[PDB]
file query-v9.txt (compact mmCIF, C-alpha atoms)
# COMPACT_ATOMS: atom_id res chain seq x y z
CA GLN X 507 -24.33 -33.23 -228.84
CA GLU X 508 -23.48 -33.10 -225.10
CA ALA X 509 -20.94 -35.89 -225.75
CA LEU X 510 -19.01 -34.04 -228.47
CA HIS X 511 -19.23 -30.77 -226.53
CA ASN X 512 -17.10 -31.92 -223.59
CA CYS X 513 -14.94 -35.03 -223.89
CA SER X 514 -11.50 -34.10 -222.49
CA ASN X 515 -12.42 -33.33 -218.87
CA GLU X 516 -13.43 -35.16 -215.66
CA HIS X 517 -17.09 -35.20 -216.79
CA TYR X 518 -16.28 -37.51 -219.72
CA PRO X 519 -16.92 -41.01 -218.19
CA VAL X 520 -20.04 -39.82 -216.32
CA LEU X 521 -21.52 -38.26 -219.48
CA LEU X 522 -20.61 -41.37 -221.49
CA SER X 523 -22.22 -43.60 -218.85
CA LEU X 524 -25.32 -41.39 -218.97
CA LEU X 525 -25.61 -41.49 -222.78
CA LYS X 526 -24.91 -45.25 -222.79
CA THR X 527 -27.98 -45.89 -220.64
CA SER X 528 -30.07 -43.18 -222.33
CA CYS X 529 -29.91 -45.39 -225.46
CA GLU X 530 -30.63 -48.76 -223.77
CA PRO X 531 -34.37 -49.12 -224.66
CA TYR X 532 -33.54 -47.81 -228.14
CA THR X 533 -31.42 -50.90 -228.85
CA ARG X 534 -34.42 -53.09 -227.96
CA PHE X 535 -36.57 -50.98 -230.30
CA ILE X 536 -34.04 -51.51 -233.11
CA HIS X 537 -33.70 -55.17 -231.98
CA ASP X 538 -37.32 -55.58 -233.11
CA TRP X 539 -37.12 -54.09 -236.63
CA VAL X 540 -33.96 -55.97 -237.60
CA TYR X 541 -35.52 -59.45 -237.27
CA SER X 542 -39.30 -58.96 -237.60
CA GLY X 543 -40.53 -55.46 -238.47
CA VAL X 544 -43.35 -54.98 -235.93
CA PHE X 545 -44.08 -51.48 -234.62
CA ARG X 546 -43.13 -50.74 -231.02
CA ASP X 547 -43.38 -47.22 -229.59
CA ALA X 548 -45.86 -45.40 -227.37
CA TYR X 549 -43.52 -42.62 -226.26
CA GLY X 550 -42.63 -40.58 -229.32
CA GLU X 551 -38.92 -41.46 -229.22
CA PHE X 552 -39.04 -43.53 -232.43
CA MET X 553 -38.81 -42.03 -235.94
CA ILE X 554 -40.03 -45.03 -238.01
CA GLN X 555 -43.73 -44.77 -237.39
CA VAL X 556 -47.15 -45.58 -238.78
CA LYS X 566 -51.15 -47.46 -252.01
CA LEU X 567 -48.08 -49.53 -252.84
CA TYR X 568 -46.35 -50.46 -249.46
CA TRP X 569 -44.76 -47.10 -248.64
CA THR X 570 -47.54 -45.54 -246.54
CA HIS X 571 -45.77 -45.79 -243.20
CA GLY X 572 -43.93 -42.63 -242.21
CA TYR X 573 -40.29 -41.65 -241.82
CA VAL X 574 -38.83 -38.34 -240.63
CA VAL X 586 -28.50 -35.34 -233.46
CA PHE X 587 -28.12 -39.11 -233.31
CA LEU X 588 -26.90 -40.72 -236.54
CA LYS X 589 -29.74 -40.58 -239.07
CA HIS X 590 -27.46 -42.38 -241.56
CA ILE X 591 -28.48 -45.89 -240.37
CA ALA X 592 -32.16 -45.25 -239.43
CA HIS X 593 -33.59 -45.41 -242.98
CA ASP X 594 -31.67 -48.68 -243.41
CA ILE X 595 -33.60 -50.06 -240.42
CA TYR X 596 -36.87 -48.74 -241.90
CA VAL X 597 -36.32 -50.75 -245.06
CA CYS X 598 -34.57 -53.74 -243.36
CA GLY X 599 -37.67 -54.45 -241.30
CA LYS X 600 -40.12 -54.06 -244.12
CA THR X 601 -38.53 -56.89 -246.14
CA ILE X 602 -39.14 -59.35 -243.29
CA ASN X 603 -42.65 -57.89 -243.03
CA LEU X 604 -42.99 -58.47 -246.79
CA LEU X 605 -42.15 -62.18 -246.46
CA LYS X 606 -44.98 -62.44 -243.92
CA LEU X 607 -47.38 -61.65 -246.79
CA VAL V 1474 -13.07 -40.35 -229.50
CA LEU V 1475 -16.86 -40.59 -229.84
CA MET V 1476 -17.88 -43.30 -232.29
CA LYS V 1477 -21.10 -45.29 -232.62
CA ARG V 1478 -19.90 -47.04 -235.80
CA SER V 1479 -18.31 -49.98 -233.95
CA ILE V 1480 -21.80 -51.47 -233.49
CA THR V 1481 -22.74 -50.84 -237.15
CA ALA V 1482 -20.23 -53.43 -238.42
CA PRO V 1483 -21.94 -56.39 -236.63
CA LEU V 1484 -25.25 -55.01 -238.07
CA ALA V 1485 -24.49 -54.21 -241.72
CA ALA V 1486 -23.74 -57.91 -242.36
CA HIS V 1487 -27.44 -58.62 -241.72
CA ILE V 1488 -28.55 -55.46 -243.56
CA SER V 1489 -26.82 -56.83 -246.69
CA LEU V 1490 -28.38 -60.30 -246.34
CA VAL V 1491 -31.85 -58.76 -246.03
CA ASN V 1492 -31.29 -56.53 -249.08
CA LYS V 1493 -29.97 -59.36 -251.28
CA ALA V 1494 -32.89 -61.57 -250.24
CA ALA V 1495 -35.34 -58.74 -251.03
CA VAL V 1496 -34.03 -58.29 -254.58
CA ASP V 1497 -33.81 -62.06 -255.18
CA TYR V 1498 -37.35 -62.68 -253.86
CA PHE V 1499 -38.93 -60.71 -256.71
CA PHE V 1500 -37.16 -62.32 -259.64
CA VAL V 1501 -36.71 -66.01 -258.83
CA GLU V 1502 -40.12 -66.49 -257.26
CA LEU V 1503 -42.59 -63.77 -258.28
CA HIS V 1504 -41.13 -63.64 -261.83
CA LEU V 1505 -41.13 -59.90 -262.44
CA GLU V 1506 -38.42 -60.53 -265.08
CA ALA V 1507 -40.91 -62.60 -267.09
CA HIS V 1508 -43.56 -59.86 -266.97
CA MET J 1 -5.20 -14.31 -184.70
CA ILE J 2 -4.73 -18.01 -185.07
CA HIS J 3 -7.61 -19.54 -187.00
CA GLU J 4 -8.47 -16.10 -188.45
CA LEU J 5 -5.43 -15.93 -190.73
CA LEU J 6 -5.93 -19.51 -191.97
CA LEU J 7 -9.56 -18.57 -192.64
CA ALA J 8 -8.43 -15.58 -194.71
CA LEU J 9 -5.72 -17.40 -196.70
CA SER J 10 -8.00 -20.31 -197.68
CA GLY J 11 -10.06 -18.10 -199.99
CA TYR J 12 -12.84 -16.89 -197.64
CA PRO J 13 -12.17 -13.24 -196.68
CA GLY J 14 -11.33 -12.40 -193.10
CA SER J 15 -12.70 -9.57 -191.01
CA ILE J 16 -9.20 -8.55 -189.95
CA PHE J 17 -7.71 -9.27 -193.38
CA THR J 18 -10.20 -7.25 -195.37
CA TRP J 19 -10.66 -8.33 -198.97
CA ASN J 20 -10.09 -5.55 -201.49
CA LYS J 21 -9.28 -5.94 -205.18
CA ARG J 22 -6.76 -3.06 -205.26
CA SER J 23 -4.90 -3.80 -202.02
CA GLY J 24 -5.77 -7.51 -201.79
CA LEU J 25 -5.73 -8.58 -198.19
CA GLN J 26 -4.72 -5.86 -195.80
CA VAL J 27 -4.45 -6.11 -192.05
CA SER J 28 -6.84 -3.72 -190.29
CA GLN J 29 -3.94 -1.55 -188.99
CA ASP J 30 -5.99 0.12 -186.28
CA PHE J 31 -5.72 -2.23 -183.34
CA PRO J 32 -3.40 -1.37 -180.41
CA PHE J 33 -2.44 -5.07 -180.60
CA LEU J 34 -0.44 -4.80 -183.79
CA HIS J 35 2.87 -3.22 -184.62
CA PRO J 36 5.51 -2.47 -187.35
CA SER J 37 7.38 -5.44 -185.90
CA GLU J 38 4.60 -7.94 -186.66
CA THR J 39 2.87 -6.01 -189.50
CA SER J 40 5.55 -6.70 -192.07
CA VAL J 41 5.36 -10.46 -191.38
CA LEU J 42 1.58 -10.27 -191.82
CA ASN J 43 1.92 -8.43 -195.15
CA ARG J 44 4.48 -10.96 -196.43
CA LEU J 45 2.09 -13.78 -195.52
CA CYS J 46 -0.84 -11.87 -197.06
CA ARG J 47 0.76 -11.85 -200.53
CA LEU J 48 0.25 -15.62 -200.92
CA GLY J 49 -3.33 -15.50 -199.68
CA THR J 50 -4.31 -12.66 -202.01
CA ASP J 51 -2.89 -14.62 -204.94
CA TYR J 52 -4.73 -17.72 -203.71
CA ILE J 53 -8.08 -15.89 -203.61
CA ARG J 54 -7.47 -14.69 -207.18
CA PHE J 55 -6.50 -18.22 -208.28
CA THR J 56 -9.57 -19.92 -206.79
CA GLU J 57 -11.81 -17.12 -208.07
CA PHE J 58 -10.55 -17.47 -211.66
CA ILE J 59 -10.65 -21.31 -211.54
CA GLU J 60 -14.22 -21.29 -210.15
CA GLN J 61 -15.36 -18.68 -212.69
CA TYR J 62 -14.12 -20.73 -215.62
CA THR J 63 -14.59 -24.38 -214.56
CA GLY J 64 -18.11 -25.81 -214.72
CA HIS J 65 -20.02 -22.61 -215.51
CA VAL J 66 -21.39 -23.81 -218.88
CA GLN J 67 -21.83 -27.11 -220.78
CA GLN J 68 -18.81 -25.87 -222.85
CA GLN J 69 -21.53 -24.20 -224.98
CA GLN J 76 -19.39 -18.91 -230.21
CA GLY J 77 -17.06 -19.38 -227.24
CA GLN J 78 -13.68 -17.61 -227.30
CA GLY J 79 -10.52 -18.78 -225.58
CA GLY J 80 -10.29 -15.55 -223.60
CA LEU J 81 -13.61 -16.24 -221.86
CA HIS J 82 -15.05 -19.66 -222.72
CA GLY J 83 -13.41 -22.55 -224.46
CA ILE J 84 -11.68 -25.79 -223.66
CA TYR J 85 -8.09 -24.49 -223.32
CA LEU J 86 -8.82 -21.89 -220.63
CA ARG J 87 -10.85 -24.36 -218.54
CA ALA J 88 -7.95 -26.82 -218.89
CA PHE J 89 -5.68 -24.08 -217.54
CA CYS J 90 -7.95 -23.66 -214.50
CA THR J 91 -8.03 -27.44 -213.99
CA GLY J 92 -4.23 -27.66 -213.95
CA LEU J 93 -3.99 -24.54 -211.77
CA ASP J 94 -6.04 -26.18 -209.02
CA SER J 95 -3.82 -29.29 -208.97
CA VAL J 96 -0.57 -27.35 -208.69
CA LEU J 97 -2.09 -25.47 -205.71
CA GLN J 98 -2.67 -28.66 -203.66
CA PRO J 99 0.44 -28.36 -201.35
CA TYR J 100 -0.72 -24.90 -200.21
CA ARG J 101 -3.97 -26.45 -198.97
CA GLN J 102 -1.91 -29.17 -197.26
CA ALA J 103 0.26 -26.49 -195.60
CA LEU J 104 -2.76 -24.70 -194.09
CA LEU J 105 -4.26 -27.99 -192.84
CA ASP J 106 -0.91 -28.94 -191.27
CA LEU J 107 -0.65 -25.51 -189.63
CA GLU J 108 -3.94 -25.85 -187.73
CA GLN J 109 -2.84 -29.25 -186.34
CA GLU J 110 0.39 -27.72 -185.05
CA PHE J 111 -1.60 -24.94 -183.36
CA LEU J 112 -3.74 -27.63 -181.75
CA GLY J 113 -0.63 -29.38 -180.43
CA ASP J 114 0.75 -26.19 -178.89
CA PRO J 115 -1.09 -22.82 -178.96
CA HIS J 116 2.02 -20.74 -178.16
CA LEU J 117 3.69 -20.79 -181.59
CA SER J 118 4.91 -17.47 -183.00
CA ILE J 119 4.59 -15.71 -186.36
CA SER J 120 8.17 -16.71 -187.16
CA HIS J 121 7.12 -20.36 -187.43
CA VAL J 122 4.44 -19.71 -190.05
CA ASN J 123 6.68 -17.28 -191.97
CA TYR J 124 9.44 -19.89 -191.78
CA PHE J 125 7.32 -22.73 -193.17
CA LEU J 126 5.67 -20.54 -195.80
CA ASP J 127 8.93 -19.07 -197.09
CA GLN J 128 9.03 -21.69 -199.86
CA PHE J 129 5.73 -20.50 -201.32
CA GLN J 130 6.81 -16.87 -200.79
CA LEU J 131 8.71 -16.71 -204.08
CA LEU J 132 6.67 -19.28 -206.02
CA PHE J 133 3.32 -17.46 -206.02
CA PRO J 134 4.53 -13.98 -207.29
CA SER J 135 6.28 -15.47 -210.33
CA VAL J 136 3.33 -17.51 -211.62
CA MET J 137 0.89 -14.67 -210.85
CA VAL J 138 2.07 -12.45 -213.72
CA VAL J 139 2.24 -15.45 -216.07
CA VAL J 140 -1.49 -15.99 -215.63
CA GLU J 141 -2.15 -12.22 -215.49
CA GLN J 142 -0.89 -11.57 -219.03
CA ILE J 143 -3.10 -14.40 -220.32
CA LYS J 144 -6.16 -12.94 -218.60
CA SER J 145 -5.67 -9.30 -219.61
CA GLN J 146 -4.86 -9.60 -223.32
CA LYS J 147 -7.70 -12.05 -224.23
CA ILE J 148 -5.19 -14.54 -225.62
CA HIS J 149 -7.20 -16.96 -227.75
CA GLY J 150 -6.42 -20.35 -229.21
CA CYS J 151 -3.05 -22.05 -229.22
CA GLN J 152 -1.17 -18.85 -228.25
CA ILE J 153 -2.04 -19.54 -224.58
CA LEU J 154 0.38 -22.49 -224.63
CA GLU J 155 3.16 -20.25 -225.96
CA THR J 156 2.36 -17.52 -223.41
CA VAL J 157 2.85 -19.81 -220.42
CA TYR J 158 5.61 -21.64 -222.31
CA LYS J 159 7.95 -18.67 -222.67
CA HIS J 160 7.92 -17.86 -218.95
CA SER J 161 8.51 -21.54 -218.17
CA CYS J 162 11.79 -20.98 -220.04
CA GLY J 163 13.01 -18.99 -217.04
CA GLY J 164 15.89 -19.27 -214.60
CA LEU J 165 13.92 -20.39 -211.56
CA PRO J 166 13.54 -24.20 -211.05
CA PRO J 167 10.31 -24.25 -208.90
CA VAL J 168 8.49 -22.00 -211.36
CA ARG J 169 9.68 -24.24 -214.21
CA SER J 170 8.22 -27.42 -212.70
CA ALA J 171 5.04 -25.58 -211.63
CA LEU J 172 4.24 -24.05 -215.03
CA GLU J 173 5.25 -27.26 -216.85
CA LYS J 174 2.49 -29.20 -215.05
CA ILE J 175 -0.31 -26.86 -216.28
CA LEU J 176 1.19 -26.95 -219.79
CA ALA J 177 0.96 -30.75 -219.71
CA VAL J 178 -2.73 -30.45 -218.80
CA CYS J 179 -3.46 -28.20 -221.80
CA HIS J 180 -1.50 -30.52 -224.12
CA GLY J 181 -3.84 -33.25 -222.90
CA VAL J 182 -6.94 -31.58 -224.30
CA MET J 183 -5.20 -30.85 -227.62
CA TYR J 184 -4.02 -34.48 -227.78
CA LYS J 185 -7.48 -35.85 -226.96
CA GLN J 186 -8.92 -33.92 -229.88
CA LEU J 187 -6.03 -34.90 -232.18
CA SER J 188 -6.32 -38.62 -231.33
CA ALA J 189 -9.54 -38.90 -233.38
CA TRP J 190 -8.97 -36.49 -236.27
CA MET J 191 -5.75 -38.05 -237.56
CA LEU J 192 -7.11 -41.59 -237.45
CA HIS J 193 -10.77 -40.97 -238.23
CA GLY J 194 -11.19 -37.37 -239.29
CA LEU J 195 -13.49 -36.58 -236.37
CA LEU J 196 -12.90 -33.20 -234.81
CA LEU J 197 -13.69 -33.18 -231.08
CA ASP J 198 -12.90 -29.46 -230.66
CA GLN J 199 -15.61 -26.82 -230.83
CA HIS J 200 -15.06 -23.03 -231.38
CA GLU J 201 -11.32 -23.19 -230.60
CA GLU J 202 -8.15 -23.88 -232.61
CA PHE J 203 -6.02 -27.01 -232.39
CA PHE J 204 -3.82 -25.79 -235.33
CA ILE J 205 -5.37 -27.96 -238.02
CA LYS J 206 -8.83 -27.13 -239.32
CA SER J 253 -12.97 -35.03 -249.50
CA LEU J 254 -9.93 -33.98 -251.65
CA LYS J 255 -9.93 -30.66 -249.69
CA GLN J 256 -12.14 -29.15 -246.87
CA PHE J 257 -9.19 -28.84 -244.48
CA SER J 258 -6.44 -26.24 -244.37
CA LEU J 259 -3.53 -25.63 -242.04
CA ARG J 260 -3.97 -22.68 -239.68
CA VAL J 261 -0.40 -21.53 -240.24
CA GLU J 262 -0.70 -18.34 -238.16
CA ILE J 263 -1.86 -19.94 -234.90
CA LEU J 264 0.58 -22.94 -234.94
CA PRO J 265 2.71 -23.20 -231.73
CA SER J 266 6.37 -22.21 -232.10
CA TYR J 267 7.76 -25.49 -230.72
CA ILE J 268 5.75 -27.30 -233.42
CA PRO J 269 7.25 -26.21 -236.77
CA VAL J 270 5.44 -26.01 -240.08
CA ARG J 271 6.93 -29.24 -241.48
CA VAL J 272 5.37 -31.68 -239.01
CA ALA J 273 2.02 -29.86 -239.24
CA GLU J 274 2.01 -30.46 -243.00
CA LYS J 275 2.33 -34.22 -242.36
CA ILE J 276 -0.57 -33.96 -239.87
CA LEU J 277 -2.75 -32.17 -242.43
CA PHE J 278 -1.81 -34.77 -245.06
CA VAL J 279 -2.87 -37.63 -242.74
CA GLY J 280 -6.20 -35.98 -241.93
CA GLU J 281 -7.07 -35.22 -245.56
CA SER J 282 -6.23 -38.80 -246.60
CA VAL J 283 -8.28 -40.51 -243.89
CA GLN J 284 -11.15 -38.16 -244.74
CA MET J 285 -10.87 -39.06 -248.44
CA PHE J 286 -11.04 -42.82 -248.19
call {"tool": "encode", "arguments": {"input": "query-v9.txt", "output": "structure tokens"}}
result
Amino acid sequence: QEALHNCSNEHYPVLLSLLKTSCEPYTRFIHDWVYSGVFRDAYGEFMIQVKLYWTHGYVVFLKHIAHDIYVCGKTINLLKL
Amino acid sequence: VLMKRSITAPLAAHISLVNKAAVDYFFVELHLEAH
Amino acid sequence: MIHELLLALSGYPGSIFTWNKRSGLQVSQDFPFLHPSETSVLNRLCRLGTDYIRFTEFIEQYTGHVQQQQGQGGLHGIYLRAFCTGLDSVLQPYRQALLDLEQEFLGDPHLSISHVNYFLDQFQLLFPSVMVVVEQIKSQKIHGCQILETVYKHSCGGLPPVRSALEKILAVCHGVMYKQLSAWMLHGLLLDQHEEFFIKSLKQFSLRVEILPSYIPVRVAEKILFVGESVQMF
């Protein structure tokens, strides 16, 4: 929200460079669940977290693509079975 | 402009492959259509 | 007398040039070193420094005092901060003049008041004209796109230096409107929060016809609104 608040001033490249590195471990986290579907978090910054195979949990950055990741990992994890 | 959708286009192409494989995996191999 | 006046004009109040809000800077007028002969020169120089203190005070008060947050364009808001940002950059030659002055006093310490009045004559008319242009904006709580019109009408004057000077700040405020418009027409993404940039699927947008700047007629704004609604729809 700090990006959309101020984007036409001198603090625009510094804030963009801050947000671009504040999401760098997040891309590794997503870079797991796109190809394998193995849980990685011990920080509480991840919202895809730990019957009929829907007993893992799921709860601003774009929530529109997160649920897609939650199901795109679980297919690869289904072919492990 | 603030957009994070430029990365979604090199990602949705794999999202679609995974989804199509998931629906195909039931019917041609586990034979839910026969049941 | 020498460094003291440059101290006062820079925006830190002097002890001889006592900072008041109702008389600005005023020379102490009680020394047996001063006289009607030199007093008038000091008052004429003090006009520019009083305006400069007010300028820096307003710019500081409204640049970098919040995360841009609700906010109104008379107090908060992107347009007013853009005005302060442009106002600092037009004031850069005055800073250069004061810095140059101290170097000349270092080269020879015997220079008179006529030299500094003579060099600073070109600012002597430029500061009073722009002062009321910003004063009307501050007093009336002018919100939204009307700020651009308010400085725009007095940059339709008959004084060339004031025209160039006000036109620079107006370019700065256009920049923030244009930065928000460069997404919304082509994506639909507003980048403006709690201010007006004169446009607000199948609907959900409407033209703010009342706020729309006078040099931007209603016809072009309808094409803008059409483009935004369409890109939102598909």
call {"tool": "residues_around", "arguments": {"input": "query-v9.txt", "residues": "residue 137 (chain J)", "least_positions_apart": "2", "cutoff": "12 Å", "atoms": "all atoms listed in the file", "output": "PDB file with C-alpha atoms, in the frame of the given file"}}
result
ATOM      1  CA  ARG J  47       0.760 -11.850-200.530  1.00  0.00           C
ATOM      2  CA  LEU J  48       0.250 -15.620-200.920  1.00  0.00           C
ATOM      3  CA  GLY J  49      -3.330 -15.500-199.680  1.00  0.00           C
ATOM      4  CA  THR J  50      -4.310 -12.660-202.010  1.00  0.00           C
ATOM      5  CA  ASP J  51      -2.890 -14.620-204.940  1.00  0.00           C
ATOM      6  CA  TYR J  52      -4.730 -17.720-203.710  1.00  0.00           C
ATOM      7  CA  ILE J  53      -8.080 -15.890-203.610  1.00  0.00           C
ATOM      8  CA  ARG J  54      -7.470 -14.690-207.180  1.00  0.00           C
ATOM      9  CA  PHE J  55      -6.500 -18.220-208.280  1.00  0.00           C
ATOM     10  CA  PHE J  58     -10.550 -17.470-211.660  1.00  0.00           C
ATOM     11  CA  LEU J  93      -3.990 -24.540-211.770  1.00  0.00           C
ATOM     12  CA  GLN J 130       6.810 -16.870-200.790  1.00  0.00           C
ATOM     13  CA  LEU J 131       8.710 -16.710-204.080  1.00  0.00           C
ATOM     14  CA  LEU J 132       6.670 -19.280-206.020  1.00  0.00           C
ATOM     15  CA  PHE J 133       3.320 -17.460-206.020  1.00  0.00           C
ATOM     16  CA  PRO J 134       4.530 -13.980-207.290  1.00  0.00           C
ATOM     17  CA  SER J 135       6.280 -15.470-210.330  1.00  0.00           C
ATOM     18  CA  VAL J 139       2.240 -15.450-216.070  1.00  0.00           C
ATOM     19  CA  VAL J 140      -1.490 -15.990-215.630  1.00  0.00           C
ATOM     20  CA  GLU J 141      -2.150 -12.220-215.490  1.00  0.00           C
ATOM     21  CA  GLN J 142      -0.890 -11.570-219.030  1.00  0.00           C
ATOM     22  CA  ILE J 143      -3.100 -14.400-220.320  1.00  0.00           C
ATOM     23  CA  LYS J 144      -6.160 -12.940-218.600  1.00  0.00           C
ATOM     24  CA  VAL J 157       2.850 -19.810-220.420  1.00  0.00           C
ATOM     25  CA  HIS J 160       7.920 -17.860-218.950  1.00  0.00           C
ATOM     26  CA  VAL J 168       8.490 -22.000-211.360  1.00  0.00           C
ATOM     27  CA  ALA J 171       5.040 -25.580-211.630  1.00  0.00           C
ATOM     28  CA  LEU J 172       4.240 -24.050-215.030  1.00  0.00           C
TER      29      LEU J 172
END
call {"tool": "atom_distance", "arguments": {"input": "query-v9.txt", "atom1": "CA of residue 15 (chain J)", "atom2": "CA of residue 56 (chain J)"}}
result
19.1 Å
call {"tool": "closest_residue", "arguments": {"input": "query-v9.txt", "among": "J:189, J:261, J:270, J:285", "to": "chain V", "atoms": "all atoms listed in the file"}}
result
J:189
call {"tool": "closest_atom_pairs", "arguments": {"input": "query-v9.txt", "of": "chain X", "to": "chain V", "cutoff": "8 Å", "atoms": "all atoms listed in the file", "output": "tab-separated table"}}
result
residue	atom	partner	partner_atom	distance
X:509	CA	V:1475	CA	7.4
X:510	CA	V:1475	CA	7.0
X:513	CA	V:1474	CA	8.0
X:594	CA	V:1488	CA	7.5
X:598	CA	V:1488	CA	6.3
X:601	CA	V:1495	CA	6.1
X:602	CA	V:1491	CA	7.8
call {"tool": "write_last_selection", "arguments": {"input": "query-v9.txt", "atoms": "C-alpha atoms", "output": "short mmCIF file (atom, residue, chain, number, x, y, z; two decimals), in the frame of the given file"}}
result
data_model
loop_
_atom_site.label_atom_id
_atom_site.label_comp_id
_atom_site.auth_asym_id
_atom_site.auth_seq_id
_atom_site.Cartn_x
_atom_site.Cartn_y
_atom_site.Cartn_z
CA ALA X 509 -20.94 -35.89 -225.75
CA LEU X 510 -19.01 -34.04 -228.47
CA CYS X 513 -14.94 -35.03 -223.89
CA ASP X 594 -31.67 -48.68 -243.41
CA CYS X 598 -34.57 -53.74 -243.36
CA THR X 601 -38.53 -56.89 -246.14
CA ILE X 602 -39.14 -59.35 -243.29
#
call {"tool": "residues_around", "arguments": {"input": "query-v9.txt", "residues": "region 538-541 of chain X", "least_positions_apart": "4", "cutoff": "8 Å", "atoms": "all atoms listed in the file", "output": "list in words"}}
result
residues 534, 545, 546, 595, 596, 598, 599 and 602 of chain X
call {"tool": "closest_atom_pairs", "arguments": {"input": "query-v9.txt", "of": "chain X", "to": "chain J", "cutoff": "10 Å", "atoms": "all atoms listed in the file", "output": "Markdown table"}}
result
| residue | atom | partner | partner_atom | distance |
| --- | --- | --- | --- | --- |
| X:508 | CA | J:67 | CA | 7.6 |
| X:509 | CA | J:197 | CA | 9.4 |
| X:510 | CA | J:197 | CA | 6.0 |
| X:511 | CA | J:68 | CA | 6.1 |
| X:512 | CA | J:68 | CA | 6.3 |
| X:513 | CA | J:197 | CA | 7.5 |
| X:514 | CA | J:182 | CA | 5.5 |
| X:515 | CA | J:88 | CA | 7.9 |
| X:516 | CA | J:91 | CA | 9.6 |
| X:517 | CA | J:64 | CA | 9.7 |
call {"tool": "atom_distance", "arguments": {"input": "query-v9.txt", "atom1": "CA of residue 21 (chain J)", "atom2": "CA of residue 161 (chain J)"}}
result
27.0 Å
call {"tool": "closest_residue", "arguments": {"input": "query-v9.txt", "among": "J:190, J:125, J:89, J:203", "to": "chain V", "atoms": "only C-alpha atoms"}}
result
J:190
call {"tool": "residues_near_point", "arguments": {"input": "query-v9.txt", "point": "(-40.1, -40.8, -242.9)", "cutoff": "8 Å", "atoms": "only C-alpha atoms", "output": "PDB file with C-alpha atoms, keeping the file's coordinate frame"}}
result
ATOM      1  CA  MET X 553     -38.810 -42.030-235.940  1.00  0.00           C
ATOM      2  CA  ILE X 554     -40.030 -45.030-238.010  1.00  0.00           C
ATOM      3  CA  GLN X 555     -43.730 -44.770-237.390  1.00  0.00           C
ATOM      4  CA  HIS X 571     -45.770 -45.790-243.200  1.00  0.00           C
ATOM      5  CA  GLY X 572     -43.930 -42.630-242.210  1.00  0.00           C
ATOM      6  CA  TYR X 573     -40.290 -41.650-241.820  1.00  0.00           C
ATOM      7  CA  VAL X 574     -38.830 -38.340-240.630  1.00  0.00           C
ATOM      8  CA  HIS X 593     -33.590 -45.410-242.980  1.00  0.00           C
TER       9      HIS X 593
END
call {"tool": "axis_aligned_box", "arguments": {"input": "query-v9.txt", "around": "region 95-102 of chain J", "padding_each_side": "8 Å", "output": "JSON"}}
result
{"center_x": -1.8, "center_y": -27.1, "center_z": -203.1, "size_x": 20.4, "size_y": 20.4, "size_z": 27.7}
call {"tool": "residues_near_point", "arguments": {"input": "query-v9.txt", "point": "(-44.7, -52.7, -252.0)", "cutoff": "10 Å", "atoms": "all atoms listed in the file", "output": "PyMOL selection string"}}
result
chain X and resi 566-570+600-601+604
call {"tool": "closest_residue", "arguments": {"input": "query-v9.txt", "among": "J:188, J:20, J:10, J:170", "to": "chain V", "atoms": "all atoms listed in the file"}}
result
J:188
call {"tool": "closest_residue", "arguments": {"input": "query-v9.txt", "among": "X:507, X:533, X:542, X:550", "to": "residue 521 (chain X)", "atoms": "all atoms listed in the file"}}
result
X:507
call {"tool": "build_atoms", "arguments": {"input": "query-v9.txt", "residues": "region 148-157 of chain J", "atoms": "N, CA and C atoms", "output": "short mmCIF file (atom, residue, chain, number, x, y, z; two decimals), in the coordinates of the input"}}
result
data_model
loop_
_atom_site.label_atom_id
_atom_site.label_comp_id
_atom_site.auth_asym_id
_atom_site.auth_seq_id
_atom_site.Cartn_x
_atom_site.Cartn_y
_atom_site.Cartn_z
N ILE J 148 -5.97 -13.65 -224.77
CA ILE J 148 -5.19 -14.54 -225.62
C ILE J 148 -6.03 -15.76 -225.96
N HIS J 149 -6.26 -15.97 -227.26
CA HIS J 149 -7.20 -16.96 -227.75
C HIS J 149 -6.47 -18.05 -228.52
N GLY J 150 -6.96 -19.28 -228.41
CA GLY J 150 -6.42 -20.35 -229.21
C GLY J 150 -5.12 -20.89 -228.66
N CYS J 151 -4.28 -21.36 -229.59
CA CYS J 151 -3.05 -22.05 -229.22
C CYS J 151 -1.98 -21.12 -228.66
N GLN J 152 -2.16 -19.80 -228.75
CA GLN J 152 -1.17 -18.85 -228.25
C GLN J 152 -1.05 -18.87 -226.73
N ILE J 153 -2.07 -19.38 -226.03
CA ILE J 153 -2.04 -19.54 -224.58
C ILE J 153 -0.88 -20.45 -224.16
N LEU J 154 -0.68 -21.53 -224.92
CA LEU J 154 0.38 -22.49 -224.63
C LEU J 154 1.75 -21.84 -224.76
N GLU J 155 1.93 -21.01 -225.79
CA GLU J 155 3.16 -20.25 -225.96
C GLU J 155 3.35 -19.23 -224.84
N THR J 156 2.26 -18.58 -224.41
CA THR J 156 2.36 -17.52 -223.41
C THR J 156 2.84 -18.07 -222.07
N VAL J 157 2.31 -19.22 -221.65
CA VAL J 157 2.85 -19.81 -220.42
C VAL J 157 4.18 -20.50 -220.70
#
